[PDB]
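Some notes on the structure that comes next.
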Amino acid sequence: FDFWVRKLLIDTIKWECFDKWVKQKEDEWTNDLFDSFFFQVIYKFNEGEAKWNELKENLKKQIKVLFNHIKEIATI
Amino acid sequence: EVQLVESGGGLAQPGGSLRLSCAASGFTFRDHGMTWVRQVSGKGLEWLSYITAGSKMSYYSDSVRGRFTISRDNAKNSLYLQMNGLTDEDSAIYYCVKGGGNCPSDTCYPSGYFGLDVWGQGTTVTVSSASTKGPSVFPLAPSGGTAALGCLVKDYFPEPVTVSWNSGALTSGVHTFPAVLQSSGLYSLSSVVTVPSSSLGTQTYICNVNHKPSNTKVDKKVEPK
Amino acid sequence: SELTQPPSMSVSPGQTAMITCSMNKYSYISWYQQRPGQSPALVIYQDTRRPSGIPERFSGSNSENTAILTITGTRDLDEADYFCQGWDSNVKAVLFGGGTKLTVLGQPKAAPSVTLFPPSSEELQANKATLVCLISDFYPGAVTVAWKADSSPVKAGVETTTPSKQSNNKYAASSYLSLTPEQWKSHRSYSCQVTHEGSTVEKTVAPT
Ligand SMILES: [Zn+2]
Ligand SMILES: [Zn+2]
Ligand SMILES: [Zn+2]
Ligand SMILES: [Zn+2]
Ligand SMILES: [Zn+2]
Ligand SMILES: [Zn+2]
């Protein structure tokens with residue numbers, strides 16, 4: 001299960017044929033947390049650290065919560 | 001608790017080679033990444049290399065690329081740096097440092113995200129055409145109050161020497177001074193301890209000197225008068 | 001790809017210190033403090049977080065390509081070097097800043113403790129003689145040392161360290177006079193004269 005959040009996080013970044021991806025994971029569904037995935041998500045990723053920073057910025061504002069960023073990703 | 005202890009420092013020749021080792025203890029050596037950092041005296045920090053937990057990845061600074069090689073053995077809680085081609089710009093204190101965070105599938109690197117969270121006391125490396133020279137240890141003897149007394153550690157190379165008193169059982173009032181570098185190219189330091197006058201006849205005062213580069217270990221007794 | 005820090009910065013006690021670290025492209029930034037004679041210690045990581053054990057005065061931030069270490073209520077023990085630290089993804093390499101010597105103003109004058117030792121007899125048996133002048137616990141860290149044979153200045157054979165900062169923010173130094181056992185025996189006394197903040201402490205030894 002730790003494996004699926006990782007792949008959810010990797011792909012949530014690669015985006016930003018997509019409308020299919022949200023539904024699949026939306027269905028598949030049915031702090032220290034994010035720290036644990038930092039290296040795996042961004043491995044060899046160009047500019048990974050700034051990307052991971054945007055991600056944690058949005059996780060900050062929306063005070064399971066990674067899904068709402070995907071609806072906010074799909075705002076544009 | 002967590003302990004990083006470096007060894008293998010000492011003297012080398014220009015173009016020559018050295019190998020430092022680090023014994024780790026206090027934490028799961030395999031779970032975490034590892035790294036070497038060096039510091040010339042009175043200057044900044046320079047990062048050298050970093051090795052993933054399963055040894056499958058290695059990062060280097062362009063200053064030590066194809067001259068230094070990092071490695072580790074997880075059986076013995078050990079980290080290694082092989083240095084070849086030593087120049088005088090390589091003389092410094094070398095620190096063994098624990099990478100912060102975790103390391104899944106050899107993906108960790110020394111990121112500002114976790115930083116480097118435990119540093120060792122470090123080991124001194126000196127790269128010179130001069131020869132190891134062991135010190136002469138000389139006693140400095142004292143004249144209702146207290147008395148100063150200590151040891152002169154004279155003419156040695158390279159740094160460092162360490163000084164203790166009564167095998168470490170005496171610590172109160174002890175100053176061990178930074179070494180002078182004389183124009184001959186050798187070092188001297190002194191260590192003095194202030195003690196009660198009424199102890200001179202009945203208490204023994206031994207200063208334990210230790211110059212690891214020349215395998216000198218002197219235990220010299222300071223008598224009064 | 002360089003982390004740029006100011007070499008030195010001063011602050012009054014209890015005032016707020018702000019060390020800056022500017023960069024070209026974003027990186028996360030850790031901050032290390034090095035106190036005199038000691039290994040670095042990690043003080044801020046992940047731009048804004050402090051490990052357990054780091055007082056809540058230390059805080060960090062990173063925006064618009066500048067990171068800030070902020071110390072509020074700076075004390076005496078905050079006197080240290082501070083280094084920022086990031087990562088360069090495009091050459092895969094750690095970035096360190098040059099370092100910032102943080103100085104805390106208004107520390108009080110401390111006059112030096114001066115101890116003078118004569119040549120040992122061990123060393124005289126080996127046809128050498130060294131006078132050791134040890135100087136500890138003085139602030140600010142600038143002393144002058146002069147040596148006197150009887151009352152004549154000695155210029156050759158003198159090696160003096162530069163002052164060195166101890167744990168308690170004060171300084172230590174040492175001076176050595178090298179001479180032959182003949183010169184030692186042939187004078188009535190020798191003197192170490194330490195000048196600190198205008199005052200001179202003299203210490204004296206004699207072959208007798
Ligand atoms: Zn799927
Ligand atoms: Zn986003
Ligand atoms: Zn651990
Ligand atoms: Zn050179
Ligand atoms: Zn003292
Ligand atoms: Zn004379």
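Protein chains in written order, with this note's numbering: chain A, 1 to 76; chain B, 1 to 225; chain C, 1 to 208.
Note that beta-carbon positions come from the ideal geometry of N, C-alpha and C, so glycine has one too.
Residue selection by CB proximity (closer than 7 Å to any heavy atom of ligand 1) returns A:24, A:25, A:28 in chain order. DSSP lists C:129 as the beta-bridge partner residues of residue 179 of chain C. In the DSSP assignment, residue 18 of chain B falls within the unbroken beta strand (DSSP E) covering 17-25.
Where residue 5 of chain A is concerned, there is no enclosing beta strand (DSSP E), although the alpha helix (DSSP H) around it starts and stops at 2-14. When distances are taken from the beta-carbon of residue 47 of chain A to the heavy atoms of ligand 2, even the shortest one reaches 7 Å or more. Residue 153 of chain C has C:148 as its beta-bridge partners, per DSSP.
Around the beta-carbon of residue 38 of chain B, 16 or more other beta-carbon atoms lie within 10 Å, marking it buried. Taking C-alpha positions only, residue 215 of chain B is separated from residue 199 of chain B by approximately 32 Å. For the set C:62, C:57, C:66, the Cα lying nearest the Cα of residue 73 of chain C is the one of C:57.
For a Cβ distance threshold of 9 Å, residue set 49 of chain A lies close to residue 87 of chain C, ordered along the chain. Residue 188 of chain C places its beta carbon less than 8 Å from that of residue 206 of chain C. When DSSP assignments are scanned along the stretch 41-103 of chain B, the uninterrupted stretches of beta strand (DSSP E) that are 3 or more residues long and fall wholly within it turn out to be 45-51, 58-60, 68-73, 78-84, 92-99.
DSSP, read as helix, strand or coil, puts residue 72 of chain A in helix. Residues of the same chain with a CB within less than 8 Å of the CB of residue 24 of chain C, apart from the 5 flanking positions on each side, are 1, 2, 65 in chain order. By the neighbour-count definition (other C-beta atoms within 10 Å, threshold 16), residue 17 of chain A is an exposed residue.
With distances taken between CA atoms, residue 190 of chain B lies nearest to B:162 out of B:49, B:125, B:162.
One residue list follows from the rule of a beta carbon closer than 7 Å to any heavy atom of ligand 3, given in chain order as B:27, B:28, B:31, B:32. For residue 35 of chain A, no beta strand (DSSP E) run applies; the uninterrupted alpha helix (DSSP H) run containing it begins and ends at 32-35, by DSSP.
Residue 11 of chain C is positioned such that its CB atom lies no closer than 8 Å to that of residue 112 of chain C. The beta carbon of residue 139 of chain B sits closer than 7 Å to those of 151, 220, 222, all from its chain and outside the five residues before and after it, given in chain order.
Judged by beta-carbon spacing, residue 73 of chain B lies beyond the 8 Å limit of residue 53 of chain B, meaning their Cβ atoms are not closer than that value. Rounded to the nearest angstrom, the Cβ distance from residue 139 of chain C to residue 169 of chain C is 7 Å, consistent with a contact under 8 Å. Against chain B, the CB of residue 62 of chain A has no partner CB under 8 Å away; the residue lies outside that interface.
Annotated as proximal: residue 78 of chain C and residue 102 of chain C, with beta-carbon spacing under 8 Å. Distance from the CA of residue 42 of chain A to the CA of residue 24 of chain A, rounded to the nearest whole angstrom, comes to 23 Å. Burial check for residue 91 of chain C: the Cβ neighbour count within 10 Å stays below 16, so the residue is exposed.
The secondary-structure analysis by DSSP pairs residue 6 of chain B across a beta bridge with B:22. When C-beta distances to chain B are compared with 9 Å, the residues of the stretch 23-39 of chain A below that value are 35, 36, 37, 38, 39, in chain order.
With its beta carbon at least 8 Å from every one in chain A, residue 59 of chain C lies outside the interface. In chain order, 187, 188 place their CB closer than 6 Å to the CB of residue 150 of chain C, counting only its own chain and leaving out the 5 sequence neighbours on each side.
If you check the CB distance, residue 6 of chain B and residue 20 of chain B come in under 8 Å. In the three-state scheme derived from DSSP, where H, G and I count as helix and E and B as strand, residue 106 of chain B is classed as helix. Residues of chain C with a Cβ closer than 7 Å to the Cβ of residue 148 of chain B are, in chain order, 115. Under the 8 Å criterion on CB atoms, residue 29 of chain B is classed as non-interfacial with respect to chain C.
DSSP places residue 159 of chain C within a strand segment (E or B) once states are collapsed to three.
In this structure, the CA atom of residue 142 of chain C is about 16 Å from the CA atom of residue 105 of chain C.
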